[PDB]
Every structure is written in C-alpha cells, then in structure tokens.
Number of protein chains: 2
Amino acid sequence: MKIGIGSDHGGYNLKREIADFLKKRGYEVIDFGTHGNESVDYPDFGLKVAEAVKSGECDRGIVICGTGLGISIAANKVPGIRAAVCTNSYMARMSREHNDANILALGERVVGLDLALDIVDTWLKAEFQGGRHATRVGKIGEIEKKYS
Amino acid sequence: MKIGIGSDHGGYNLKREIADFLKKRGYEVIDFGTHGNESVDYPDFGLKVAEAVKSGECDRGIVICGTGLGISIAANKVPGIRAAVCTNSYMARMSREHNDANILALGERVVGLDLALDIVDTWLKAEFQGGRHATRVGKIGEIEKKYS
C-alpha cells in the first residue's frame with residue numbers, strides 16, 4: 001500500500017517521524033514535502049497529497065500542519081477526498097469505519113509523537129464498514145456533484 | 001450574530017445543550033435539525049448549515065455528529081465553507097485565528113458536555129488574524145475554483 005504524506009513547516013518534524021515509522025513497517029511512502037522548516041502554505045501540500053490519492057498514485061494519504069485543520073480543509077475541497085482530522089485513536093477508527101476516510105490529518109502542535117503514531121497505527125488498520133455508511137458517503141458525493 | 005446549528009442523531013443531544021447555551025448568551029440560533037434521536041444522515045444537516053452560512057442567512061455555524069468528522073467533511077464540500085473539527089479550545093482558537101473557520105464541528109461521542117461548551121465559548125470569541133493567513137485561505141479558494 002502506497003502512502004502519500006505532506007505537510008507545511010508546522011507539520012514537517014512530525015512528517016519526518018511518520019515517514020520513518022511507515023517505511024520501517026514496509027509501506028511505500030511518497031513524500032510530497034514540505035522538505036524543511038521554512039514558512040510555507042499548507043494548501044499547496046494538502047492539494048499535492050489529495051490529488052495523488054484521487055489519481056490512485058497513492059492509496060491513501062497523511063497530511064500534517066500545526067493543528068491539522070488547514071491542510072485537511074484544503075484536501076477536502078478535492079472531489080473524492082475525505083480527510084479526517086483525528087486527535088485520538090477512537091476518531092481514527094471511526095473515520096475509516098464510518099467515513100471511509102482516505103486522508104488522515106494530524107496537528108503536530110496538538111498531539112505528541114507517540115500519540116500521533118498510535119493514531120496512524122489505528123487508522124491504517126481500521127476497515128470501512130459499508131452499509132448505511134456507504135449511503136452517507138454517497139450523499140457527500142452528491143454535495144460534490146452539486147458544486148462541481 | 002446569527003448561529004446556524006445542525007446535527008445527525010449522533011449529535012442531537014449535544015446540539016440541544018449548545019442551542020440553550022447560545023440563546024442564554026443572547027445569540028439568535030437557527031436550528032436546522034435533526035429534531036430527534038431517529039437515525040438520519042449527517043450530510044443532509046451538514047449541507048443545510050453550510051448553505052445557510054454561505055448565503056449569509058447565518059453568520060457562522062456549528063455542526064455535530066458522533067465524531068464531528070462526517071458532518072464537517074460534508075460541510076467543507078461547499079465553496080466558501082471552512083469547517084473545523086475541534087476537540088480542545090486550542091484548536092478552536094487556531095481555527096478562527098489562522099483558518100478563519102466559519103463552521104465549528106463537534107463530536108458528541110468524543111468531547112463531554114462542559115468541554116464542548118468551553119470549545120464553543122473559545123471559538124465564538126476568537127478573531128481572524130489576517131496577513132499570511134488570508135493568503136493561505138485564498139489558496140483554499142483556488143482549490144475550490146479548480147474543482148468548481
């Protein structure tokens with residue numbers, strides 16, 4: 001499974017740790033940047049990861065900024081993308097089970113390292129539950145079609 | 001300001017408490033439903049609140065589901081909407097200061113009542129900081145224009 005990862009400067013250090021974590025677990029990781037601590041704009045990297053997941057270049061993606069909020073909002077502007085900002089493993093599991101999230105969003109200034117790794121672990125293992133949850137995801141698709 | 005509020009059945013009881021909280025505070029509250037515990041679909045109510053904020057019928061919105069994730073993803077599909085899932089007041093403050101969030105999303109199964117009221121209090125009081133944050137919000141707007 002190919003994981004796309006991306007961040008602004010606010011999520012760069014956590015991105016480094018998650019990339020190492022994932023590779024060590026045998027995932028193929030595509031790093032979309034940013035590649036340093038210099039101030040940059042979260043939508044640019046949110047977009048890169050979202051478009052890679054949309055195109056199938058990556059199976060899913062992880063985006064990080066100070067809070068995860070900006071980068072996940074940006075990613076959610078792309079049709080077919082469902083980016084979930086999670087601050088605990090319960091949320092991470094429900095994002096997969098109910099929302100079939102294909103992007104996990106994290107906030108480097110909010111969650112500490114080991115917690116963030118717990119969340120990533122949980123998110124990568126959880127499975128979409130279909131049924132009424134598929135019906136609700138379709139209704140998200142209807143909003144996209146409306147504003148398309 | 002006029003506050004739009006909406007939920008599925010997973011956020012209905014918290015919605016009831018927040019509606020009461022806001023009115024006691026002097027806010028005009030527009031309740032878009034749901035109006036009971038019957039199973040319903042979060043995108044329908046996410047859409048209502050998002051469209052009310054977009055039209056200027058409400059100045060800001062609050063959306064609630066079990067985790068806040070589904071309803072906020074749905075809301076974020078609407079152009080001009082920036083919905084922030086917050087699990088603490090630090091996130092709530094940054095969502096206004098940096099992301100100029102116009103919708104707050106909450107997870108009734110994640111945050112307890114008093115915490116959720118603290119987050120709402122913080123979110124309503126926080127102020128957009130402009131500058132590079134406006135530049136970044138514009139870049140969110142560019143993604144919307146791309147996929148419009």
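Residue numbers start from 1 in every chain, and the chains themselves are labelled A, B, ... in the order their sequence lines are given, proteins ahead of strands. Worth knowing before you read on, the calculation uses all heavy atoms, side chains too, and leaves out hydrogens, waters and symmetry mates.
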Quick one, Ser7(B) and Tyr12(B) - any side-chain contact, counting heavy atoms below 4.5 Å? yes

Hey, does the side chain of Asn102(A) reach the backbone of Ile81(A) with a donor-acceptor pair shorter than 3.5 angstrom? no

Taken to the nearest 0.5 Å, the spacing of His35(A) NE2 from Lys15(A) NZ works out to 6.0 Å

Euclidean distance, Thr34(B) OG1 relative to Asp44(B) CG, rounded to 0.5 Å: 9.5 Å

Applying the 4.5 Å side-chain criterion to the ILVMFWY set and letting contacts propagate, would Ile5(A) and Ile119(A) be lumped into a single cluster? yes

Got a donor-acceptor contact below 3.5 angstrom from the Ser95(A) side chain to the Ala92(A) backbone? yes

Roughly how far, to the nearest 0.5 Å, is NZ of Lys48(B) from SG of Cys58(B)? 13.0 Å

With a 4.5 Å limit on heavy-atom distance, are the side chains of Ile73(A) and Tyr42(A) in contact? no

Any side-chain heavy-atom pair of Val49(A) and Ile62(A) under 4.5 Å: no

Does any N or O in the side chain of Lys77(B) come within less than 3.5 Å of the main-chain N or O of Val78(A), such that one atom is a donor and the other an acceptor? yes

Taking a hydrophobic cluster as the set of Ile, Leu, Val, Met, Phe, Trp and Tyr residues connected by side-chain heavy atoms closer than 4.5 Å, whether directly or through intermediates, do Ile103(B) and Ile30(B) fall within one such cluster? yes

Using the salt bridge (charged side-chain N to carboxylate O under 4.0 Å, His left out) rule, take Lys24(B) and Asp20(B) through it: C-alpha gap first, then chi angles, then the decisive distance, then the call. CA-CA 6 Å; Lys24(B) 286 179 176 168; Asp20(B) 189 65; 2.8 Å; yes

Report the C-alpha distance between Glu97(A) and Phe128(A) in whole Å, list the side-chain angles of each, state the deciding distance to 0.1 Å, and finish with yes or no for side-chain contact (heavy atoms from CB on, under 4.5 Å). CA-CA 4 Å; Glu97(A) 294 194 3; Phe128(A) 185 47; over 6 Å; no

Write down the atom of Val85(B), the atom of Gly68(B), and the distance for their closest heavy-atom approach. CG2-O, 3.4 Å

Between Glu127(A) and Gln129(A) the two heavy atoms that sit nearest each other are O-NE2, 3.0 Å

At their closest point, which heavy atom of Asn76(A) faces which heavy atom of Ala83(A), and how far apart are they? ND2-N, 2.7 Å

Taking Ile64(A) as the fixed residue, which of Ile71(A), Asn13(A), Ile18(A) is the one that meets the side-chain contact (heavy atoms from CB on, under 4.5 Å) rule? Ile18(A)

Consider only side-chain heavy atoms of I, L, V, M, F, W and Y, link residues closer than 4.5 Å, and tell whether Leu47(A) and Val53(A) are in one cluster. yes

Are the side chain of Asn99(A) and the backbone N or O of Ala101(A) linked by a donor-acceptor pair below 3.5 Å? no

Basic-acidic side-chain contact under 4.0 Å: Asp100(B), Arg96(B): yes

With distance as the sole test, does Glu38(B) use its side chain to make a donor-acceptor pair with the main-chain N or O of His9(B) at under 3.5 Å? no

Is a donor from one side chain sitting under 3.5 angstrom from an acceptor on the other, for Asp59(B) and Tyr27(B)? no

Under 4.5 Å between any side-chain heavy atoms of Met1(B) and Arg60(B), yes or no? yes

For the student: nearest non-hydrogen atoms of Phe32(A) and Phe45(A), plus distance: O-CD2, 3.5 Å

Salt bridge check: are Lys125(A) and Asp121(A) linked by an N-O gap of less than 4.0 Å? yes

Find out whether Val110(B) and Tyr90(A) are in side-chain contact, i.e. whether some heavy atom of one side chain is under 4.5 Å from a heavy atom of the other. yes

Can a donor-acceptor pair be found between the side chains of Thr87(B) and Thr87(A) at a distance below 3.5 Å? yes

Quick one: pull up CD1 in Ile140(A) and OG1 in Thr135(A) and give me the separation to the nearest 0.5 Å. 11.5 Å

Roughly how far, to the nearest 0.5 Å, is CH2 of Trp123(A) from CG of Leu104(A)? 5.5 Å

Expected output: side-chain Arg109(B) to main-chain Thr67(B) donor-acceptor under 3.5 Å: no

With side chains defined as the heavy atoms from C-beta onward, is the minimum distance between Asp41(B) and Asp8(B) less than 4.5 Å? no

One thing to verify: whether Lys146(B) and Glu51(A) come together as a salt bridge, which I'm taking to mean a side-chain N less than 4.0 angstrom from a carboxylate O. yes

Exam field: side chain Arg136(A) to backbone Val40(B), donor-acceptor pair closer than 3.5 Å: yes

Distance (rounded to the nearest 0.5 Å) between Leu22(A) CG and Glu17(A) CD: 11.5 Å

In one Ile/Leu/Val/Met/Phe/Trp/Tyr side-chain cluster, 4.5 Å: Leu69(B), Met94(B): yes

Determine whether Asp114(A) and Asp118(A) make a side-chain contact, defined as any pair of heavy atoms from C-beta on separated by less than 4.5 Å. no

Hey, quick one: are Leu124(A) and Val29(A) part of the same hydrophobic cluster, counting side-chain heavy atoms closer than 4.5 Å, chains of contacts allowed? yes

Do side-chain atoms of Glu108(B) reach the backbone of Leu14(B) as a donor and acceptor pair under 3.5 angstrom? yes

Just wondering, do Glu28(A) and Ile3(A) contact through their side chains at under 4.5 Å, heavy atoms? no

